[PDB]
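Take a look at the structure tokens below, where one protein chain is shown in two forms, each on its own, as structure 1 and structure 2.
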Structure 1
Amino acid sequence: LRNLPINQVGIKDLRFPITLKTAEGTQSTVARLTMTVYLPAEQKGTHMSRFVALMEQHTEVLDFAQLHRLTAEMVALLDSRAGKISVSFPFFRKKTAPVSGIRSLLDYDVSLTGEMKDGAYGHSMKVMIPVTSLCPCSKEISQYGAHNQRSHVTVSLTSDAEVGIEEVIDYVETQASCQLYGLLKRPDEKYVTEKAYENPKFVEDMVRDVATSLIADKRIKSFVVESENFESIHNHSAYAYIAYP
């Protein structure tokens, strides 16, 4: 009576090396794990060591399948009817060379969750994409030139089916006025202006475009899209988000 069920309990912010397999190759990274389960009213404690125990044992590559695998095994190991694992980490993508084979690397911040309710599995995903946004109402008053600044686009979402980290990166960068590339001389600098100068976007635009994509994709049962446009003109961001449904 006095004691209540605890929605979730376990470890949080355990920093752990993970080798990650996505559909454009395997890569090694450093993740930060949160791992928890439902604890019923009559049980005083969960078992804290078993969460770390699980991760130490499982040196298998982490993909969508392996994340289900761990999460079901977790509820198993700790004798609970529910629980979640989250894995946050930087994710790197190789961008092949638009000039002579000089291809740069770009870093993204990604976070995968896996959840077991009673036997039912559910997964969700969060990905932050840094982009170079350009303003179209700052080119409208100025005869020449415009207000350019770095902007971040986060995309949180839930699906029944597997959805690649990169598919989401791409969903976002497609709409990007111009995305972040690696330093290449004169050649790669000419067409970074013109792509963002004649089609520039606001914080409101960026969320709409990305949302439109996300509505289309029947796998995505729900999402949130945030864009943050760090005004160079003030020490504070322009911000907007959309949730669906």
Structure 2
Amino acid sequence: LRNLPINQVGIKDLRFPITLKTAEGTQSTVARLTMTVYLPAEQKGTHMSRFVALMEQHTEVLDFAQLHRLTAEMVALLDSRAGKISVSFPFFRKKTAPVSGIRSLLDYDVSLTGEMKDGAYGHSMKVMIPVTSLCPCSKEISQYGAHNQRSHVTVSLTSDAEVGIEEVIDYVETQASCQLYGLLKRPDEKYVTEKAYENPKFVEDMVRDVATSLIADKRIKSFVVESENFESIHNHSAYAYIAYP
């Protein structure tokens, strides 16, 4: 009676090397894990070492099928009816400069979550995409130039069928004033400077353009789109978010 069920208990911020397979290829990265299970009112404690045992023994490449298997195996190993695994890591993608064709990596921040509830599995994801934002107000009121800055666009979603990390990346980067590259030659820098100027967007415009795409995707049951613009003229950020439905 005095006793209460605990929504989630286990371990948090275990750092662990992982290999990840997505549609575009396989890559090695380093993750932080939070691994937890439901604890019924009657049980005193969970078994904390079994969460680490699980990661040490499962050597398969991570993908959405493997995260499912892993979460199902965890709840079984932990003797629980419910649990979550959240895995956060940097994610690299090969990019090509818009004029030179010179290739370089860009880095994104990703989290993947698997959740079991009484035999039912659900999965969600989050991706932070760094883009260039350029202010339409600045350009319009100014006889020359326009302020611009890096922005972090964060998409969180839950879907029934799998949605690829790269697909979330493309939905955002398609919409940005201009996207980022690690390696830019002189013509590419001329290209990005001009495109961003040509395509100014408020933080409001950015969240709306991405949200439109996500609403259209039949896989997506709910989402949040945030955008944060590190305003180059202020020392605080412009911020917006849309949650759906």
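Residues that one form lacks are left out of the comparison. Just so we're on the same page, rigid core means the largest C-alpha set that superposes within 1.5 Å between forms. Structure 1's sequence is the ruler for residue numbers, which start at 1.
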The mover among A76, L105, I102, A161 between the two structures, judged by a CA shift of 2 Å or more on the rigid core, is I102
Note yes or no: does the Cα of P40 move by 2 Å or more between the two structures after the core is superposed? no
Align both forms on the core first, then report whether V52 has a C-alpha shift of 2 Å or more between the two structures. no
Yes/no, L184 Cα shift of 2 Å or more between the two structures with rigid core fixed: yes
Please report, in Å, how much the Cα atom of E194 moves between the two structures when the rigid core is superposed. 2.5
Where the rigid core has been superposed, how far does the Cα of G122 end up moving between the two structures, given in Å? 0.3
With both forms fitted on the core, how large is the C-alpha shift of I233 between the two structures in Å? 1.3
Mind listing the moving segments between the two structures, meaning three or more residues in a row, each Cα shifted 2 angstroms or more, core aligned? 96-102, 182-184
